[PDB]
Number of protein chains: 6
Amino acid sequence: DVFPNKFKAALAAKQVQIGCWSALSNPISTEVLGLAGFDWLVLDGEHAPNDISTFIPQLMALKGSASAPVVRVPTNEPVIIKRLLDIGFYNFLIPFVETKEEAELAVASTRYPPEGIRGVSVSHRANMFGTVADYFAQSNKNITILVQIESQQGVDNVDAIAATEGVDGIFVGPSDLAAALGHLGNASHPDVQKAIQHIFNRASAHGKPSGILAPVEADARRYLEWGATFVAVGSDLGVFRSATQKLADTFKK
Amino acid sequence: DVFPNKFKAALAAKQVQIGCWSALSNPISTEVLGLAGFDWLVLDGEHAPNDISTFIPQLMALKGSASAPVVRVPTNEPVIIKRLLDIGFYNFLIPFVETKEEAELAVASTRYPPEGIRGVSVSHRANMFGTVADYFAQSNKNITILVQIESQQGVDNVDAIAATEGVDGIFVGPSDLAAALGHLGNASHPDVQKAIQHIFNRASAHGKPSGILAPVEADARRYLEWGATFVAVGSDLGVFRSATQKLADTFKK
Amino acid sequence: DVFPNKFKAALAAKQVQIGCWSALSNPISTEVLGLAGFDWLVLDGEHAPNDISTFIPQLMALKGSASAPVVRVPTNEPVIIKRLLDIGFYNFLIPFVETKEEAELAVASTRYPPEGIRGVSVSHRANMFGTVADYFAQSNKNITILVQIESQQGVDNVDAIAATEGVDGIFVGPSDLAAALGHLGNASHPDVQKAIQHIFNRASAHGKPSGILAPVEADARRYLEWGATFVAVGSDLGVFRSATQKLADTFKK
Amino acid sequence: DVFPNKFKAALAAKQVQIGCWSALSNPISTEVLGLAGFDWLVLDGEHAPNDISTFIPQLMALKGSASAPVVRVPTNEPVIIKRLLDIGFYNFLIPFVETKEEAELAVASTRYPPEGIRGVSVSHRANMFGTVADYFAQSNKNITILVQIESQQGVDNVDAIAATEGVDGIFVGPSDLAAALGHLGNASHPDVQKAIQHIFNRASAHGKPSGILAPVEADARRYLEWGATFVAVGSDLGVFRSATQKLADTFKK
Amino acid sequence: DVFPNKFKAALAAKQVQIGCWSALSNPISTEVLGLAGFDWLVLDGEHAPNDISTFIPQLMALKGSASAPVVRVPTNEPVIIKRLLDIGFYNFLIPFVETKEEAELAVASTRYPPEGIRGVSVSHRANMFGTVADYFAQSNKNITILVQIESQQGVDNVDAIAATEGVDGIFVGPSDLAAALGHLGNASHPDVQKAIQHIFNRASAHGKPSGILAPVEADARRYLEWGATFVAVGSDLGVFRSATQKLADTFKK
Amino acid sequence: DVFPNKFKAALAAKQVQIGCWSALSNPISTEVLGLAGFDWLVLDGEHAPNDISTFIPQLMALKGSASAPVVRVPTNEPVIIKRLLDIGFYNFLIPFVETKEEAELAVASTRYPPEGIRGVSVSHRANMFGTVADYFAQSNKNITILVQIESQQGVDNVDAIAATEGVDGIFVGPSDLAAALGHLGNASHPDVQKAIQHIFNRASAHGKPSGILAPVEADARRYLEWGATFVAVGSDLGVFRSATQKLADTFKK
Ligand SMILES: [Mg+2]
Ligand SMILES: [Mg+2]
Ligand SMILES: [Mg+2]
Ligand SMILES: [Mg+2]
Ligand SMILES: [Mg+2]
Ligand SMILES: [Mg+2]
């Protein structure tokens, strides 16, 4: 069925999950993206022009795809999380999780009371309009929470955050983290690299898997060796941009 | 014209208002829905994939319909209420109203200062681009506020909330209330039923009409006898789901 | 997988196929429709505001559904059929098939040279962008063609039409045949019924299953009793319309 | 109500009908347009990016407006007319009507058998999903057909075209007639004016009102002075374009 | 390139910037609007049905237009500002800026740390998917911040707000300010007029240019003489409304 | 400016034009595509889900791009060409041009009387709503017509087709020509290659540049080696598909 969340389970068994970012915000290219074979695709709702109106068509486009659909909320607040849970998202990427407090809110937003604060609707895409067996009971256990550590504060509290019940994975937002460490546009800086591995280290420390976005293969391969399990190796936008540009160059120079 | 708000008046005279929920989020089916004859249709902006972009087409679809269009905001905050008032909504359903404070904010968001905090625009669907006579003066008296009591806190303060100036009706969100009372997916529980009637009782106590959503006819008929006036007897989604499924079954078993 | 076309197979085996019409023209309701369990759903591109931009979302909404998607082209002409083939439709309903040549044209429009005149593209939804095995070869033998006999001339040539290689099923258009016989709005007329019966015998006469649209149950059972195998027992529009009117009535009457 | 068609009646009575063209192709501005007070608005499907997906929202936007909606089909052919009839258009403008047969074809395209070849559907916007009384019967006598004489051949056959049963008004296409006479961009040319005058007399000659599009006031008054009854005095596009240019100029010049 | 922000520079040199408001929320009319010649066009995201989904098409429509695109956020909060910066907005109008605090938040939301709190994305419309030279460094200096003073509190602190680093212009929202001063719908009241000039006075006092919206020419000309530099002389909606209505009247009276 | 048509000029000068196909049907990715640097991009309206509603946004997305936008009409017929001309397309690709008459029809469809049969409108994207100088005059001599020889009959008449006044370039459709020769899926077949070579010589024979679609590099170089000037070296779809599959593979294999 919809449950159990196989993606959430792969993360638990700390298996390597290869993902790709999506920002093209449309069902046509996203259906093609789902054929690639990635383990998870992040439908970016924060840095990509995506909203409820584009999320649903794309989620339909991904039906029958092995890739686990993950939504990256525009911010960590309960209302949007609620709306995103009902339209059919079972995995979440929460930008800028700086405290254990925030980490809990995020988890609570994906859970029906008393376990959480999720609002209850009786018919929607999540429970496929009432066709999902034992929905209410199951739902609260089949939602993946991926918190992004991309601020100094988030780093300082990485340990508490990773220990939080519900937090299924620790994700590192390199670009934001680099800017946060006074190295905007320079994540490769040894300063950023040390902060990145630290987060990984602590993630592993609390049994939670770590993850990161890294369109550069070398970095991707380095992070995987550092232990990271859910790693995004690129984005539809990026590969499309490079591939097309490259194609033009091999004929025009 | 647009004023006076006849729906707001029916509620005041505590007449029985039979409504239906809408979640299909589109102008085509919603135009058909408007032919049914319901007294009010709730265009759900909280648990249904609806937004400004879908609300307007549907509001146009409902033009010439007896049904009073009611928008169920995604949450109780001034900005979205403001935007929803300008596109042409004169009746509001406010989710999770737990305190008299919140109840006031909600009312204040639908009123131009000093009476409230509503932002002023000079041409929009609300004043039909300047063709509504004495708009500014009238507007502040023709907006229906329906607060949802669906939390324990909301219950505890039902009395204060119902006494609030502006609050035109007390609505009970069964599912959320049930989850709030430790009975997720079991609103029929005598515990929930007692909390429901209590809210009704208090609504009546302060001269304000009470309301509820109940797709099951028996419950609907029971709540009406308990006194509830604005009752939603179903949703486009639900009747569509049952009707279609049923149709398939009478031929395939 | 895409191939073989099970719907095409079932028809050939003359087993009863229970379908529903679709005019709501939107992914949200059609996804809910796909849950009903019909053996086939007709995305009407002739009398409903559907087109390529509404078809893809609805086709995606039906992914996973047991229902076989069937598109009713606005008219029998190569170009639109060409385009509809590539967006993912494997089953077609052709309106106003009046002669053997037109029937031929329809079949040809769905097959690659030299079997037919279908245009060639290498990547589209039909072959799921190069993932469907032996696409070219298999596609030509996996397209269901359902012709509509809904006119005087269509009846006169019913035998020639039914004997055409590629015509997988003879469909009767009650409203249009009735009008063709000077009985607009009265399909139940003896003259009309007689023709429907005739088309069915001539269809069975050539070992081709017969079909028709019967929104009224008593008629659906009558036609099935006569031996029609693929019968549409209603439409999402008519069901939604009727069910919402009924719900309103039981409480406002 | 839908029937009788008041616009159709007014024309027959040769009373002046003042209209405006629409090319903006969107519900928002067209709703504002519907407030102006024109007796008729032309939703151009020939030279504006309009189509069935933009028509329904705009048709809904015009509900309540005193303006009679008129659709300008992209071309004179049965199928598109069939589809446009069902989405809610009761008035049509046919481009390039050059012969009596074509004029005939147009009328026939809007009438059910045996009067015409219009396809039959039982539920759509035209009959407001089964709510319009005696729809079939009344529809055939309530469709306004406005033919455009904008070509040499159209002028030669103006009398035959005007005498056709069903042709409710003769419309002149200034830009196209001008081009047909070798005067592209110069409709004010004596040769062109002469033909416009001629078409008007031949129209009046058969008791059929005449019409034309005159964005320039002096021309509008001239044509009205000549006796044209349904005159389009401009377009939303031209007005918006001109008014915004003027506003910019008065402050930046 | 994209940088340097010429509009931001014109404001600095306190040149007269003639702008127009946009609320029609669509690419078709907005492309025409861009031909008018205004120095800046405010794509209203607060009182007009605009969102990310409509903003992008319109921004593309404005490409190659002299007009500087300005977005009027729905409210002053970092998340939406972030999303609006990535889709391609370089100039912002911030509604209801009442304190120096708020003024700073607004500026900080448009700046990458440490200078601000802007979230970092590597490929988007702002840096044209990586083709803008020295983006990160440049961006933080090429973003225009226009704060709206339209409350009593905002007035009381006009001085502190105008002195804030980042604030590029002081804009007066007449309608809201009037309502704020107990004169809803009467901005011409000497009370409002005195508050307006005060704001202007203080804007100039801190070297920052002042601005205002005034569809009435007299007021527009008066404010310009009072010193205001960035003045919106109308809106697409308003000129469209007046122009169309006027056109109908010159022919029907 | 719009005129002269530089792409039309380059072709006439037989200089190499490097293009890419577009089927993604959306403004977001097409804007990124426009950055690649191709001399021309084909917005496919024949084998991709593109149409007037997707074309305008994409056309706007290409404003500023050095790439010349080319539209591939669904089929060679006056009406669709008429409409596509007005929305802003100056370059056309005509599928299945089999005879000299059809080639003629295509050219005529793009020119105003008496040169052709193009319909006349005074304000649209083509003349940028009356801003393009001497539009009527210049437009007729600035429309690029690229005909596709992709059928047996098209090859037989290649010389007559190439000698037609207005035919700016002979394009070969590999997939369709191959099917026409009984080599579906095998364009590399000697029989097919022979015809492609032939069409190229007959094209060069009449001083008309030749073109073709070659997604595989080795073929692109081969055809360019043979002297083809306008060659499409791929499609956004194929590139995106291939690049995303590759990225997934390098980490999951
Ligand atoms: Mg980040
Ligand atoms: Mg609730
Ligand atoms: Mg029919
Ligand atoms: Mg014309
Ligand atoms: Mg304001
Ligand atoms: Mg081809």
# chains A, B, ... in the order shown; residues from 1 in each chain; ligands from 1
$ residues_near_ligand --ligand "ligand 3" --cutoff "6 Å" --atoms "only C-alpha atoms and all ligand atoms" --output "list in words"
residues 173 and 176 of chain C; 120 of chain D
$ residues_near_ligand --ligand "ligand 6" --cutoff "8 Å" --atoms "only C-alpha atoms and all ligand atoms" --output "list in words"
residues 119, 120 and 121 of chain C; 95, 96, 148, 150, 173, 174, 175, 176 and 177 of chain F
$ interface_residues --of "chain B" --to "chain E" --cutoff "7 Å" --atoms "only C-alpha atoms" --output "PyMOL selection string"
chain B and resi 52+79+83+86-87+113-114+119-121
$ select_by_dssp --residues "region 104-246 of chain C" --states "alpha helix (DSSP H)" --output "ChimeraX atom specification"
/C:104-109,135-139,152-156,158-162,174-180,190-205,217-225,236-246
$ select_by_dssp --residues "region 30-207 of chain D" --states "strand (DSSP E or B)" --output "PyMOL selection string"
chain D and resi 40-44+68-72+91-94+144-149+167-172
$ write_last_selection --atoms "N, CA and C atoms" --output "PDB file, in the first residue's frame"
ATOM      1  N   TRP D  40     -22.505  43.644 -26.104  1.00  0.00           N
ATOM      2  CA  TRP D  40     -21.901  42.386 -26.503  1.00  0.00           C
ATOM      3  C   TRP D  40     -20.384  42.467 -26.472  1.00  0.00           C
ATOM      4  N   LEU D  41     -19.762  41.360 -26.083  1.00  0.00           N
ATOM      5  CA  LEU D  41     -18.312  41.267 -26.006  1.00  0.00           C
ATOM      6  C   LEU D  41     -17.860  40.079 -26.843  1.00  0.00           C
ATOM      7  N   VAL D  42     -16.875  40.299 -27.705  1.00  0.00           N
ATOM      8  CA  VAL D  42     -16.366  39.236 -28.563  1.00  0.00           C
ATOM      9  C   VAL D  42     -15.121  38.555 -28.011  1.00  0.00           C
ATOM     10  N   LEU D  43     -15.275  37.326 -27.530  1.00  0.00           N
ATOM     11  CA  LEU D  43     -14.135  36.563 -27.035  1.00  0.00           C
ATOM     12  C   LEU D  43     -13.549  35.959 -28.302  1.00  0.00           C
ATOM     13  N   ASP D  44     -12.519  36.622 -28.802  1.00  0.00           N
ATOM     14  CA  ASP D  44     -11.843  36.248 -30.034  1.00  0.00           C
ATOM     15  C   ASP D  44     -10.993  34.981 -29.939  1.00  0.00           C
ATOM     16  N   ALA D  68     -23.698  40.487 -23.858  1.00  0.00           N
ATOM     17  CA  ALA D  68     -23.950  39.200 -24.485  1.00  0.00           C
ATOM     18  C   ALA D  68     -22.605  38.665 -24.980  1.00  0.00           C
ATOM     19  N   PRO D  69     -22.183  37.494 -24.479  1.00  0.00           N
ATOM     20  CA  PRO D  69     -20.903  36.919 -24.905  1.00  0.00           C
ATOM     21  C   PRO D  69     -20.972  36.377 -26.326  1.00  0.00           C
ATOM     22  N   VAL D  70     -20.015  36.760 -27.159  1.00  0.00           N
ATOM     23  CA  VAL D  70     -19.964  36.260 -28.524  1.00  0.00           C
ATOM     24  C   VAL D  70     -18.578  35.677 -28.768  1.00  0.00           C
ATOM     25  N   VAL D  71     -18.527  34.466 -29.308  1.00  0.00           N
ATOM     26  CA  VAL D  71     -17.244  33.840 -29.593  1.00  0.00           C
ATOM     27  C   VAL D  71     -16.905  33.913 -31.075  1.00  0.00           C
ATOM     28  N   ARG D  72     -15.662  34.274 -31.371  1.00  0.00           N
ATOM     29  CA  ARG D  72     -15.205  34.330 -32.753  1.00  0.00           C
ATOM     30  C   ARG D  72     -14.386  33.057 -32.952  1.00  0.00           C
ATOM     31  N   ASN D  91     -23.783  32.847 -28.995  1.00  0.00           N
ATOM     32  CA  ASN D  91     -23.587  33.778 -30.101  1.00  0.00           C
ATOM     33  C   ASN D  91     -22.235  33.519 -30.766  1.00  0.00           C
ATOM     34  N   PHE D  92     -22.249  33.364 -32.088  1.00  0.00           N
ATOM     35  CA  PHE D  92     -21.025  33.095 -32.843  1.00  0.00           C
ATOM     36  C   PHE D  92     -20.707  34.099 -33.952  1.00  0.00           C
ATOM     37  N   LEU D  93     -19.414  34.328 -34.151  1.00  0.00           N
ATOM     38  CA  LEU D  93     -18.913  35.211 -35.196  1.00  0.00           C
ATOM     39  C   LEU D  93     -18.080  34.284 -36.079  1.00  0.00           C
ATOM     40  N   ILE D  94     -18.492  34.125 -37.331  1.00  0.00           N
ATOM     41  CA  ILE D  94     -17.778  33.235 -38.237  1.00  0.00           C
ATOM     42  C   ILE D  94     -16.893  33.997 -39.207  1.00  0.00           C
ATOM     43  N   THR D 144     -27.305  32.766 -32.167  1.00  0.00           N
ATOM     44  CA  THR D 144     -27.019  33.893 -33.049  1.00  0.00           C
ATOM     45  C   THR D 144     -25.818  33.615 -33.947  1.00  0.00           C
ATOM     46  N   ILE D 145     -26.018  33.738 -35.252  1.00  0.00           N
ATOM     47  CA  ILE D 145     -24.947  33.503 -36.219  1.00  0.00           C
ATOM     48  C   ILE D 145     -24.577  34.810 -36.903  1.00  0.00           C
ATOM     49  N   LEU D 146     -23.343  35.250 -36.697  1.00  0.00           N
ATOM     50  CA  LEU D 146     -22.852  36.474 -37.303  1.00  0.00           C
ATOM     51  C   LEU D 146     -21.718  36.086 -38.247  1.00  0.00           C
ATOM     52  N   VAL D 147     -21.947  36.280 -39.539  1.00  0.00           N
ATOM     53  CA  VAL D 147     -20.958  35.939 -40.549  1.00  0.00           C
ATOM     54  C   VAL D 147     -20.104  37.130 -40.947  1.00  0.00           C
ATOM     55  N   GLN D 148     -18.827  36.875 -41.185  1.00  0.00           N
ATOM     56  CA  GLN D 148     -17.923  37.937 -41.574  1.00  0.00           C
ATOM     57  C   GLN D 148     -17.685  37.965 -43.063  1.00  0.00           C
ATOM     58  N   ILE D 149     -18.009  39.095 -43.673  1.00  0.00           N
ATOM     59  CA  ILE D 149     -17.766  39.273 -45.089  1.00  0.00           C
ATOM     60  C   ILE D 149     -16.468  40.067 -45.075  1.00  0.00           C
ATOM     61  N   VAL D 167     -28.721  33.123 -40.692  1.00  0.00           N
ATOM     62  CA  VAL D 167     -27.741  34.208 -40.652  1.00  0.00           C
ATOM     63  C   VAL D 167     -28.414  35.394 -39.963  1.00  0.00           C
ATOM     64  N   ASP D 168     -28.055  35.651 -38.715  1.00  0.00           N
ATOM     65  CA  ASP D 168     -28.689  36.733 -37.972  1.00  0.00           C
ATOM     66  C   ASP D 168     -28.088  38.123 -38.163  1.00  0.00           C
ATOM     67  N   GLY D 169     -26.919  38.203 -38.790  1.00  0.00           N
ATOM     68  CA  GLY D 169     -26.295  39.499 -38.989  1.00  0.00           C
ATOM     69  C   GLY D 169     -25.056  39.434 -39.853  1.00  0.00           C
ATOM     70  N   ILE D 170     -24.893  40.437 -40.708  1.00  0.00           N
ATOM     71  CA  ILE D 170     -23.751  40.502 -41.607  1.00  0.00           C
ATOM     72  C   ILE D 170     -22.677  41.400 -41.009  1.00  0.00           C
ATOM     73  N   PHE D 171     -21.529  40.802 -40.706  1.00  0.00           N
ATOM     74  CA  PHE D 171     -20.411  41.526 -40.113  1.00  0.00           C
ATOM     75  C   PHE D 171     -19.284  41.761 -41.117  1.00  0.00           C
ATOM     76  N   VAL D 172     -18.757  42.980 -41.124  1.00  0.00           N
ATOM     77  CA  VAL D 172     -17.671  43.336 -42.022  1.00  0.00           C
ATOM     78  C   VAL D 172     -16.331  43.331 -41.296  1.00  0.00           C
TER      79      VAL D 172
END
$ residues_around --residues "region 99-107 of chain C" --least-positions-apart "5" --cutoff "6 Å" --atoms "only C-alpha atoms" --output "count of residues only"
4
$ atom_distance --atom1 "CA of residue 82 (chain C)" --atom2 "CA of residue 191 (chain F)"
25.7 Å
$ residues_around --residues "residue 233 (chain E)" --least-positions-apart "2" --cutoff "8 Å" --atoms "only C-alpha atoms" --output "PyMOL selection string"
(chain D and resi 247) or (chain E and resi 18-20+213-217+220+231+235)
$ write_last_selection --atoms "N, CA and C atoms" --output "PDB file, in the first residue's frame"
ATOM      1  N   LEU D 247      -1.216  57.322 -20.164  1.00  0.00           N
ATOM      2  CA  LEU D 247      -0.885  57.620 -18.778  1.00  0.00           C
ATOM      3  C   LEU D 247       0.619  57.820 -18.599  1.00  0.00           C
TER       4      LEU D 247
ATOM      5  N   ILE E  18       8.442  57.366 -12.798  1.00  0.00           N
ATOM      6  CA  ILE E  18       7.012  57.251 -13.040  1.00  0.00           C
ATOM      7  C   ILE E  18       6.590  55.785 -13.157  1.00  0.00           C
ATOM      8  N   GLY E  19       5.799  55.324 -12.196  1.00  0.00           N
ATOM      9  CA  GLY E  19       5.367  53.940 -12.228  1.00  0.00           C
ATOM     10  C   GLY E  19       3.877  53.682 -12.335  1.00  0.00           C
ATOM     11  N   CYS E  20       3.546  52.413 -12.550  1.00  0.00           N
ATOM     12  CA  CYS E  20       2.166  51.977 -12.663  1.00  0.00           C
ATOM     13  C   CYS E  20       1.976  50.678 -11.884  1.00  0.00           C
ATOM     14  N   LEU E 213       1.382  56.379  -4.365  1.00  0.00           N
ATOM     15  CA  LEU E 213       0.462  55.903  -5.387  1.00  0.00           C
ATOM     16  C   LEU E 213      -0.673  56.915  -5.410  1.00  0.00           C
ATOM     17  N   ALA E 214      -1.007  57.396  -6.600  1.00  0.00           N
ATOM     18  CA  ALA E 214      -2.058  58.393  -6.745  1.00  0.00           C
ATOM     19  C   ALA E 214      -2.613  58.369  -8.157  1.00  0.00           C
ATOM     20  N   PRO E 215      -3.681  57.591  -8.376  1.00  0.00           N
ATOM     21  CA  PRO E 215      -4.301  57.486  -9.698  1.00  0.00           C
ATOM     22  C   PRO E 215      -4.935  58.785 -10.216  1.00  0.00           C
ATOM     23  N   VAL E 216      -5.181  59.735  -9.316  1.00  0.00           N
ATOM     24  CA  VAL E 216      -5.758  61.026  -9.707  1.00  0.00           C
ATOM     25  C   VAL E 216      -4.611  61.949 -10.134  1.00  0.00           C
ATOM     26  N   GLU E 217      -4.662  62.443 -11.369  1.00  0.00           N
ATOM     27  CA  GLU E 217      -3.590  63.290 -11.883  1.00  0.00           C
ATOM     28  C   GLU E 217      -3.238  64.499 -11.032  1.00  0.00           C
ATOM     29  N   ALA E 220      -1.281  63.416  -8.137  1.00  0.00           N
ATOM     30  CA  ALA E 220       0.009  62.974  -8.640  1.00  0.00           C
ATOM     31  C   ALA E 220       0.901  64.185  -8.866  1.00  0.00           C
ATOM     32  N   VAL E 231       6.703  57.890  -8.064  1.00  0.00           N
ATOM     33  CA  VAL E 231       5.253  58.018  -7.995  1.00  0.00           C
ATOM     34  C   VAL E 231       4.508  57.136  -8.994  1.00  0.00           C
ATOM     35  N   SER E 235      -2.899  52.261 -12.217  1.00  0.00           N
ATOM     36  CA  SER E 235      -2.744  50.811 -12.204  1.00  0.00           C
ATOM     37  C   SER E 235      -3.367  50.250 -13.474  1.00  0.00           C
TER      38      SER E 235
END
$ atom_distance --atom1 "CA of residue 246 (chain F)" --atom2 "CA of residue 230 (chain A)"
18.4 Å
$ residues_around --residues "residue 139 (chain D)" --least-positions-apart "2" --cutoff "10 Å" --atoms "only C-alpha atoms" --output "ChimeraX atom specification"
/D:2-5,85,90,110-112,126-127,132-137,141-143
